[PDB]
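Visitor: Handing you a structure now.
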Amino acid sequence: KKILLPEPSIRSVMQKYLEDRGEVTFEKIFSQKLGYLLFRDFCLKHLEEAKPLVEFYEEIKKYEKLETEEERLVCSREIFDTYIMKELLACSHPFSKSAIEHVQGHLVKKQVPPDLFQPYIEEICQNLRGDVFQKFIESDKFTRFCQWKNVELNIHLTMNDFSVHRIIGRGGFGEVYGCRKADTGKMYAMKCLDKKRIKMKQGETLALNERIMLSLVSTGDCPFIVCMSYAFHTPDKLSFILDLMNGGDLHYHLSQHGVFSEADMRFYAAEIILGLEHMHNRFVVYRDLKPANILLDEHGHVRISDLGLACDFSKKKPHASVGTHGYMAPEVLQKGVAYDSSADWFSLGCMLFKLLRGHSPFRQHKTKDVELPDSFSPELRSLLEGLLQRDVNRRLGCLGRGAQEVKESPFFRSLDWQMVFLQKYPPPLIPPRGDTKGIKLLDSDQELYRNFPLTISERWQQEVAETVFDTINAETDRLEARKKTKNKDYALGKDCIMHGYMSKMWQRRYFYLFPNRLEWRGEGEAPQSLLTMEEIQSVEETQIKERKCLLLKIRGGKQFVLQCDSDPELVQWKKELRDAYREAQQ
RNA sequence: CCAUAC
Ligand SMILES: [Mg+2]
């Protein structure tokens with residue numbers, strides 16, 4: 001099961017890949033988790049002159065998230081002393097004066113905000129991006145980085161890659177299984193819509209859609225949404241891989257607890273709003289907002305569930321009357337009339353109202369023959385009233401700044417929202433300890449399931465990081481170390497492009513692409529045979545036997561077949577080979 | 001006649 005890594009030879013083919021994709025920047029490399037981790041695995045162990053910069057930096061980040069004001073008051077001293085003051089009068093500094101004056105200025109007044117050293121954070125990165133970044137690029141700990149990313153892009157998934165346990169869902173097309181990823185051992189809720197059932201109801205729209213919606217919501221580290229991680233399809237199954245949630249739903253917990261207290265409920269409201277916020281940023285409307293659509297985890301913090309009835313409005317406002325009938329806004333319910341975030345803000349009010357009550361807001365029967373009961377603080381009233389205005393520009397989260405308007409409410413007069421985002425606040429409730437034969441898969445219709453699958457770089461790197469990564473670095477470090485002394489390039493000096501591994505009429509060979517020729521050799525030899533660029537004509541990729549491979553046509557006449565180990569390899573091979581002969585022929 | 005990790 002364990003994810004074995006590729007060889008260090010990969011570097012050439014991969015670096016050629018990544019450079020064209022401009023991912024050889026401090027920015028993207030640092031912004032990636034595994035790139036960061038390998039950066040600190042690098043400098044803290046290896047290069048000496050950069051060690052402190054990261055130590056300082058790391059300590060800044062550790063600092064930022066101290067809960068109480070006094071824990072920062074203590075720590076602020078620690079850092080200035082050790083990292084700033086100790087290396088100040090010892091000269092170890094290419095920093096500025098003002099940096100410290102602004103720092104010391106705030107330091108002086110006994111005031112310790114979290115975004116304090118942010119100036120230093122910024123000016124730090126400049127010193128790293130320059131010389132140090134170059135030295136990093138050329139390393140075992142970069143050679144390592146490419147090997148991982150190679151995996152990233154060669155992660156394609158099957159039913160074997162998951163060890164399915166239980167079933168906890170049935171509806172529409174798919175069910176909600178629970179599972180463990182074999183690769184690592186990570187816990188995922190698997191939602192498997194069935195293509196046949198998707199075809200009968202003509203709900204292909206909604207299945208494809210859901211992926212998109214999943215795929216846009218899930219980037220950006222958000223805790224209050226059930227986020228996808230991978231998509232993959234079988235011959236007859238559409239799979240979404242989603243964050244597992246154990247503490248039932250709010251409809252069930254609303255039953256056991258009965259009605260909720262205000263201060264209790266306030267917790268959930270907030271959680272949700274931040275989730276909601278993330279969607280309105282990416283122009284999504286949930287429309288469906290409801291206790292049942294809000295799940296919990298073993299701790300007691302919530303997420304939003306079935307994106308399904310969600311829609312992108314960035315480029316075209318929808319006019320459909322979609323949603324759970326109990327929380328559909330005035331705007332939604334109309335022929336040929338459109339809506340946006342509003343709906344979510346409306347549903348929320350109804351939802352919150354229902355948490356503290358259970359009673360029903362809106363239903364159509366009124367005329368002859370929202371008004372609220374007398375169990376509310378005016379602060380609570382103020383909120384709901386504003387959220388549940390019958391009119392569009394009248395309500396909250398609308399005329400202005402969206403989720404910010406909501407946040408400002410005096411019901412949250414005593415509530416920090418950055419702390420909520422970390423989930424430092426105490427959970428109010430901890431959980432308890434728990435047909436279609438006559439259809440045919442038309443391969444004509446399968447063609448709109450091309451690029452259904454998507455691995456999410458953020459979530460995979462995280463997943464990997466937070467389990468194997470470190471132990472699997474020692475694995476290949478061992479393997480690599482135990483094979484170097486077993487043995488003991490032809491590249492540098494002359495003008496080379498690339499080098500890597502492939503096969504022919506199957507025999508594994510190490511190749512070396514020049515501007516004019518292409519050499520190869522067995523792993524105890526010199527350049528066996530060759531192939532000039534002046535004599536290649538047609539370079540296509542005939543991906544036969546369900547395996548991406550390359551077709552080369554020669555001026556001689558005979559065709560020539562090359563299979564690659566990973567896709568990233570083939571793609572970067574294809575490209576640089578075409579580039580070689582087309583100019584070489586001129 | 002829809003929903004369904006309700
Ligand atoms: Mg659904």
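Here's how to read the names in the structure tokens: chain A, B, ... by the order shown, residue numbers from 1 in each chain, ligand numbers from 1 in the order shown.
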Pick out each residue of range 274-444 of chain A that DSSP on the backbone tags as strand (DSSP E or B); I need them as an NGL selection string.

Guide: :A and (284-285 or 294-296 or 302-304 or 311-312)

Visitor: Take the residues that were just selected and, keeping N, CA, C and O atoms, output them as a PDB file, in the first residue's frame.

Guide:
ATOM      1  N   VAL A 284     -20.758  31.268  -4.786  1.00  0.00           N
ATOM      2  CA  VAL A 284     -21.595  30.085  -4.672  1.00  0.00           C
ATOM      3  C   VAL A 284     -22.735  30.388  -3.712  1.00  0.00           C
ATOM      4  O   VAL A 284     -22.555  31.122  -2.737  1.00  0.00           O
ATOM      5  N   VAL A 285     -23.906  29.831  -3.998  1.00  0.00           N
ATOM      6  CA  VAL A 285     -25.048  29.935  -3.106  1.00  0.00           C
ATOM      7  C   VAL A 285     -25.505  28.526  -2.752  1.00  0.00           C
ATOM      8  O   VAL A 285     -25.788  27.728  -3.642  1.00  0.00           O
ATOM      9  N   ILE A 294     -26.229  20.551   7.981  1.00  0.00           N
ATOM     10  CA  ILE A 294     -25.109  20.841   8.861  1.00  0.00           C
ATOM     11  C   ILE A 294     -24.793  19.658   9.771  1.00  0.00           C
ATOM     12  O   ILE A 294     -25.608  19.259  10.605  1.00  0.00           O
ATOM     13  N   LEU A 295     -23.589  19.121   9.606  1.00  0.00           N
ATOM     14  CA  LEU A 295     -23.144  17.936  10.327  1.00  0.00           C
ATOM     15  C   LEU A 295     -22.175  18.374  11.416  1.00  0.00           C
ATOM     16  O   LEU A 295     -21.825  19.552  11.496  1.00  0.00           O
ATOM     17  N   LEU A 296     -21.750  17.427  12.249  1.00  0.00           N
ATOM     18  CA  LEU A 296     -20.758  17.701  13.293  1.00  0.00           C
ATOM     19  C   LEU A 296     -19.638  16.666  13.263  1.00  0.00           C
ATOM     20  O   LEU A 296     -19.718  15.666  12.542  1.00  0.00           O
ATOM     21  N   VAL A 302     -18.912  22.165  13.457  1.00  0.00           N
ATOM     22  CA  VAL A 302     -19.806  21.813  12.357  1.00  0.00           C
ATOM     23  C   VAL A 302     -19.213  22.031  10.964  1.00  0.00           C
ATOM     24  O   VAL A 302     -18.139  22.617  10.809  1.00  0.00           O
ATOM     25  N   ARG A 303     -19.934  21.521   9.968  1.00  0.00           N
ATOM     26  CA  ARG A 303     -19.635  21.746   8.561  1.00  0.00           C
ATOM     27  C   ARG A 303     -20.946  21.783   7.792  1.00  0.00           C
ATOM     28  O   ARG A 303     -21.985  21.411   8.324  1.00  0.00           O
ATOM     29  N   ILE A 304     -20.887  22.240   6.546  1.00  0.00           N
ATOM     30  CA  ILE A 304     -22.047  22.246   5.662  1.00  0.00           C
ATOM     31  C   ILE A 304     -21.933  21.076   4.701  1.00  0.00           C
ATOM     32  O   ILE A 304     -20.858  20.807   4.166  1.00  0.00           O
ATOM     33  N   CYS A 311     -25.128  26.647  -6.538  1.00  0.00           N
ATOM     34  CA  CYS A 311     -25.035  27.254  -7.864  1.00  0.00           C
ATOM     35  C   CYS A 311     -24.030  28.402  -7.947  1.00  0.00           C
ATOM     36  O   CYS A 311     -23.911  29.201  -7.018  1.00  0.00           O
ATOM     37  N   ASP A 312     -23.331  28.476  -9.082  1.00  0.00           N
ATOM     38  CA  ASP A 312     -22.389  29.561  -9.376  1.00  0.00           C
ATOM     39  C   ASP A 312     -23.119  30.738 -10.018  1.00  0.00           C
ATOM     40  O   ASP A 312     -23.761  30.581 -11.059  1.00  0.00           O
TER      41      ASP A 312
END

Visitor: Could you list, with a cut-off of 7 Å and counting only C-alpha atoms and all ligand atoms, the residues of chain A near ligand 1, each shown with its nearest atom pair and the distance in Å rounded to one decimal, rows sorted by chain and ascending number, as a Markdown table?

Guide:
| residue | atom | partner | partner_atom_place_in_ligand_line | distance |
| --- | --- | --- | --- | --- |
| A:306 | CA | ligand 1 | 1 (Mg) | 5.3 |
| A:308 | CA | ligand 1 | 1 (Mg) | 4.8 |
| A:309 | CA | ligand 1 | 1 (Mg) | 6.7 |

Visitor: Give the residues of chain A that lie within 12 Å of chain B; count only C-alpha atoms (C1' of nucleotides), and format the answer as a JSON list (two decimals) with C-alpha atoms, in the first residue's frame.

Guide:
[["chain", "number", "residue", "atom", "x", "y", "z"],
["A", 166, "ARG", "CA", -19.73, 1.04, 6.22],
["A", 167, "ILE", "CA", -22.79, 2.51, 4.49],
["A", 168, "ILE", "CA", -24.62, 5.56, 5.90],
["A", 169, "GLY", "CA", -26.62, 7.12, 3.04],
["A", 170, "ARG", "CA", -29.17, 6.46, 0.26],
["A", 171, "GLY", "CA", -30.76, 9.04, -2.04],
["A", 172, "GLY", "CA", -31.12, 10.11, -5.66],
["A", 173, "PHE", "CA", -28.20, 8.52, -7.49],
["A", 174, "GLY", "CA", -25.64, 7.74, -4.81],
["A", 175, "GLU", "CA", -25.04, 6.48, -1.30],
["A", 176, "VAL", "CA", -22.68, 7.73, 1.41],
["A", 177, "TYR", "CA", -20.15, 5.05, 2.29],
["A", 178, "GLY", "CA", -17.38, 5.47, 4.85],
["A", 188, "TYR", "CA", -12.97, 9.81, 4.15],
["A", 189, "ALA", "CA", -16.71, 9.87, 3.58],
["A", 190, "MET", "CA", -17.22, 8.48, 0.07],
["A", 191, "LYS", "CA", -20.24, 9.64, -1.97],
["A", 192, "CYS", "CA", -20.82, 7.37, -4.99],
["A", 226, "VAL", "CA", -17.39, 19.40, 4.07],
["A", 242, "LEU", "CA", -15.10, 14.07, 1.33],
["A", 243, "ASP", "CA", -14.21, 14.95, 4.94],
["A", 244, "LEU", "CA", -15.75, 12.40, 7.34],
["A", 245, "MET", "CA", -18.32, 13.61, 9.91],
["A", 246, "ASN", "CA", -19.44, 11.43, 12.82],
["A", 247, "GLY", "CA", -21.70, 13.49, 15.11],
["A", 248, "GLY", "CA", -24.92, 12.94, 13.14],
["A", 249, "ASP", "CA", -26.72, 16.09, 12.00],
["A", 250, "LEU", "CA", -28.38, 19.06, 13.74],
["A", 251, "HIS", "CA", -31.93, 17.82, 13.03],
["A", 252, "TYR", "CA", -31.17, 14.71, 15.09],
["A", 253, "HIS", "CA", -29.40, 16.68, 17.84],
["A", 254, "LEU", "CA", -32.15, 19.27, 17.83],
["A", 288, "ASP", "CA", -30.45, 24.65, 0.88],
["A", 290, "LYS", "CA", -30.67, 23.67, 7.03],
["A", 291, "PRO", "CA", -29.78, 21.79, 10.29],
["A", 292, "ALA", "CA", -29.78, 18.45, 8.42],
["A", 293, "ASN", "CA", -27.31, 19.92, 5.89],
["A", 294, "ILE", "CA", -25.11, 20.84, 8.86],
["A", 295, "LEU", "CA", -23.14, 17.94, 10.33],
["A", 296, "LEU", "CA", -20.76, 17.70, 13.29],
["A", 304, "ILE", "CA", -22.05, 22.25, 5.66],
["A", 305, "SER", "CA", -23.04, 19.10, 3.82],
["A", 306, "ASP", "CA", -24.77, 18.54, 0.51],
["A", 308, "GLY", "CA", -25.73, 19.44, -4.55],
["A", 309, "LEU", "CA", -28.38, 22.20, -4.52],
["A", 323, "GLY", "CA", -34.04, 24.76, -1.89],
["A", 324, "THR", "CA", -35.60, 22.98, 1.07],
["A", 325, "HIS", "CA", -39.10, 24.46, 1.10]]

Visitor: Just the residues within 9 Å of range 123-126 of chain A, please, counting only C-alpha atoms (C1' of nucleotides), with nothing from its chain fewer than 2 positions along; format it as a list in words.

Guide: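 Counting only C-alpha atoms (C1' of nucleotides), the residues come to residues 26, 53, 54, 57, 95, 96, 99, 118, 119, 120, 121, 128, 129 and 130 of chain A.
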
Visitor: With N, CA and C atoms retained, could you export that selection as a CSV table (one decimal), in the first residue's frame?

Guide:
chain,number,residue,atom,x,y,z
A,26,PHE,N,9.9,30.9,-5.3
A,26,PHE,CA,9.7,30.8,-3.8
A,26,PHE,C,8.3,30.8,-3.4
A,53,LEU,N,16.7,32.6,10.5
A,53,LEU,CA,15.6,33.2,9.8
A,53,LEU,C,14.3,32.4,10.0
A,54,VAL,N,14.4,31.1,9.7
A,54,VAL,CA,13.3,30.2,9.9
A,54,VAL,C,12.9,30.0,11.3
A,57,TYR,N,11.1,33.0,12.3
A,57,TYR,CA,9.8,32.9,11.5
A,57,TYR,C,8.8,31.9,12.2
A,95,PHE,N,18.5,43.5,8.1
A,95,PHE,CA,17.2,44.1,8.3
A,95,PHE,C,17.3,45.6,8.4
A,96,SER,N,16.1,46.2,8.6
A,96,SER,CA,16.0,47.7,8.7
A,96,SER,C,16.0,48.2,10.1
A,99,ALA,N,11.9,48.8,10.9
A,99,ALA,CA,11.4,47.5,11.3
A,99,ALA,C,11.3,47.4,12.8
A,118,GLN,N,4.4,41.0,11.3
A,118,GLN,CA,4.1,40.9,9.9
A,118,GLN,C,5.1,41.7,9.0
A,119,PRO,N,5.5,42.9,9.4
A,119,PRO,CA,6.6,43.5,8.7
A,119,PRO,C,7.9,42.7,8.6
A,120,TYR,N,8.3,42.0,9.7
A,120,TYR,CA,9.5,41.1,9.6
A,120,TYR,C,9.2,39.9,8.7
A,121,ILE,N,8.0,39.3,8.9
A,121,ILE,CA,7.6,38.2,8.0
A,121,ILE,C,7.9,38.5,6.6
A,128,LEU,N,15.2,35.3,1.7
A,128,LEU,CA,15.1,33.8,1.4
A,128,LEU,C,15.0,33.6,-0.1
A,129,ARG,N,14.1,34.4,-0.7
A,129,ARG,CA,13.9,34.3,-2.2
A,129,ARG,C,15.2,34.6,-3.0
A,130,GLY,N,16.1,35.4,-2.5
A,130,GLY,CA,17.3,35.7,-3.2
A,130,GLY,C,18.3,34.6,-3.4

Visitor: To one decimal in Å, tell me the separation between CA of residue 413 in chain A and CA of residue 262 in chain A.

Guide: 13.5 Å

Visitor: So which residues of range 280-459 of chain A fall under alpha helix (DSSP H) by DSSP, listed as a PyMOL selection string?

Guide: chain A and resi 280-281+342-356+378-387+403-407+417-422+457-459

Visitor: Selection from above, N, CA and C atoms, as a short mmCIF file (atom, residue, chain, number, x, y, z; two decimals), in the first residue's frame, can you write it?

Guide:
data_model
loop_
_atom_site.label_atom_id
_atom_site.label_comp_id
_atom_site.auth_asym_id
_atom_site.auth_seq_id
_atom_site.Cartn_x
_atom_site.Cartn_y
_atom_site.Cartn_z
N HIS A 280 -19.60 32.73 -0.71
CA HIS A 280 -19.93 34.01 -1.33
C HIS A 280 -18.71 34.70 -1.88
N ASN A 281 -17.54 34.35 -1.35
CA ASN A 281 -16.27 34.80 -1.91
C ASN A 281 -16.05 34.17 -3.28
N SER A 342 -28.17 36.65 -0.81
CA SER A 342 -29.45 36.93 -0.15
C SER A 342 -30.14 35.67 0.38
N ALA A 343 -30.43 34.74 -0.53
CA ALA A 343 -31.14 33.50 -0.21
C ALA A 343 -30.53 32.81 0.99
N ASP A 344 -29.20 32.69 0.98
CA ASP A 344 -28.48 32.06 2.07
C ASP A 344 -28.70 32.81 3.38
N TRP A 345 -28.66 34.13 3.32
CA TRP A 345 -28.90 34.94 4.51
C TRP A 345 -30.30 34.76 5.03
N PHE A 346 -31.27 34.65 4.12
CA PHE A 346 -32.66 34.40 4.51
C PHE A 346 -32.79 33.04 5.20
N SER A 347 -32.36 31.98 4.51
CA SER A 347 -32.44 30.62 5.04
C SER A 347 -31.84 30.53 6.44
N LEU A 348 -30.69 31.17 6.62
CA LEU A 348 -29.98 31.20 7.89
C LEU A 348 -30.89 31.65 9.03
N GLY A 349 -31.55 32.79 8.85
CA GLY A 349 -32.45 33.32 9.86
C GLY A 349 -33.49 32.30 10.26
N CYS A 350 -34.17 31.74 9.25
CA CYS A 350 -35.17 30.70 9.46
C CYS A 350 -34.57 29.53 10.23
N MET A 351 -33.36 29.17 9.83
CA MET A 351 -32.62 28.07 10.42
C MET A 351 -32.30 28.35 11.90
N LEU A 352 -31.70 29.50 12.16
CA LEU A 352 -31.39 29.93 13.53
C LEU A 352 -32.65 29.98 14.38
N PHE A 353 -33.65 30.70 13.87
CA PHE A 353 -34.99 30.75 14.47
C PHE A 353 -35.44 29.35 14.87
N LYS A 354 -35.30 28.39 13.96
CA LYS A 354 -35.73 27.02 14.22
C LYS A 354 -34.90 26.32 15.31
N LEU A 355 -33.63 26.69 15.44
CA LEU A 355 -32.77 26.09 16.47
C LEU A 355 -33.22 26.48 17.87
N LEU A 356 -33.59 27.75 18.03
CA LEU A 356 -34.03 28.27 19.32
C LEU A 356 -35.51 28.01 19.59
N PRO A 378 -33.41 41.65 22.96
CA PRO A 378 -33.48 42.58 21.83
C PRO A 378 -32.31 42.45 20.84
N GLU A 379 -31.15 42.05 21.35
CA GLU A 379 -29.97 41.78 20.52
C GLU A 379 -30.22 40.62 19.56
N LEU A 380 -30.90 39.60 20.06
CA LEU A 380 -31.28 38.44 19.26
C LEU A 380 -32.35 38.82 18.24
N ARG A 381 -33.35 39.56 18.69
CA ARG A 381 -34.37 40.11 17.81
C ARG A 381 -33.71 40.89 16.68
N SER A 382 -32.97 41.93 17.05
CA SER A 382 -32.28 42.79 16.09
C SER A 382 -31.70 41.99 14.93
N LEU A 383 -30.99 40.91 15.26
CA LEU A 383 -30.38 40.05 14.25
C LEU A 383 -31.44 39.47 13.30
N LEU A 384 -32.27 38.57 13.80
CA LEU A 384 -33.21 37.82 12.96
C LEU A 384 -34.03 38.74 12.07
N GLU A 385 -34.59 39.79 12.66
CA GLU A 385 -35.34 40.80 11.92
C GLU A 385 -34.60 41.22 10.66
N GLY A 386 -33.34 41.62 10.84
CA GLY A 386 -32.50 42.09 9.75
C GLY A 386 -32.17 41.01 8.73
N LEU A 387 -31.99 39.78 9.21
CA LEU A 387 -31.73 38.65 8.32
C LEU A 387 -32.97 38.25 7.53
N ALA A 403 -20.91 38.91 4.03
CA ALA A 403 -20.76 38.26 5.34
C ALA A 403 -20.23 39.16 6.45
N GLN A 404 -19.67 40.31 6.09
CA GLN A 404 -19.14 41.25 7.06
C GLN A 404 -20.27 41.96 7.79
N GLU A 405 -21.28 42.40 7.04
CA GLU A 405 -22.48 43.02 7.62
C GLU A 405 -23.07 42.14 8.73
N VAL A 406 -23.13 40.83 8.45
CA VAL A 406 -23.63 39.85 9.41
C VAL A 406 -22.79 39.85 10.67
N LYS A 407 -21.47 39.78 10.49
CA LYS A 407 -20.52 39.73 11.61
C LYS A 407 -20.68 40.90 12.58
N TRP A 417 -13.92 36.82 16.00
CA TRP A 417 -14.20 36.01 14.81
C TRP A 417 -12.99 35.33 14.22
N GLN A 418 -11.80 35.84 14.52
CA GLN A 418 -10.57 35.15 14.15
C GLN A 418 -10.39 33.92 15.03
N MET A 419 -10.77 34.05 16.30
CA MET A 419 -10.71 32.94 17.25
C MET A 419 -11.70 31.83 16.86
N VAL A 420 -12.90 32.23 16.44
CA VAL A 420 -13.90 31.29 15.95
C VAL A 420 -13.35 30.47 14.80
N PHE A 421 -12.70 31.15 13.85
CA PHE A 421 -12.10 30.52 12.68
C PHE A 421 -11.08 29.44 13.05
N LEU A 422 -10.39 29.63 14.17
CA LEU A 422 -9.49 28.61 14.70
C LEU A 422 -10.25 27.53 15.47
N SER A 457 -4.50 19.53 -4.96
CA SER A 457 -3.11 19.67 -4.48
C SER A 457 -3.02 20.03 -3.00
N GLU A 458 -3.84 21.00 -2.58
CA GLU A 458 -3.88 21.45 -1.19
C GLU A 458 -4.13 20.28 -0.24
N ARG A 459 -5.25 19.58 -0.45
CA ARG A 459 -5.72 18.57 0.49
C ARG A 459 -4.89 17.29 0.50
#

Visitor: Quick one: residues within 12 Å of residue 196 in chain A, only C-alpha atoms (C1' of nucleotides), excluding same-chain residues fewer than 3 positions away - as a PyMOL selection string?

Guide: chain A and resi 172-174+192-193+199-204+207+235-238+435-442+445-446

Visitor: Looking at only C-alpha atoms, which of A:66, A:228, A:337, A:570 is the one that sits closest to residue 502 in chain A?

Guide: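 That would be A:570, the residue with the smallest distance to residue 502 in chain A.
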
Visitor: For residue 139 in chain A, find every residue with an atom within 12 Å (counting only C-alpha atoms (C1' of nucleotides)), except residues of its own chain fewer than 6 positions away, and show them as JSON, numbers by chain.

Guide: {"A": [8, 11, 38, 39, 41, 42, 43, 46, 47, 132, 133, 145, 146]}

Visitor: Using only C-alpha atoms (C1' of nucleotides), determine which residues lie at most 10 Å from residue 508 in chain A, disregarding the query and same-chain residues fewer than 4 positions distant; provide the list as a VMD selection string.

Guide: chain A and resid 501 to 504 521 to 523 563 to 564

Visitor: For residue 267 in chain A, work out the shell of residues within 9 Å, counting only C-alpha atoms (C1' of nucleotides) and skipping chain neighbours fewer than 4 positions away, then give it as a PyMOL selection string.

Guide: chain A and resi 262-263+271-272+420+425-428
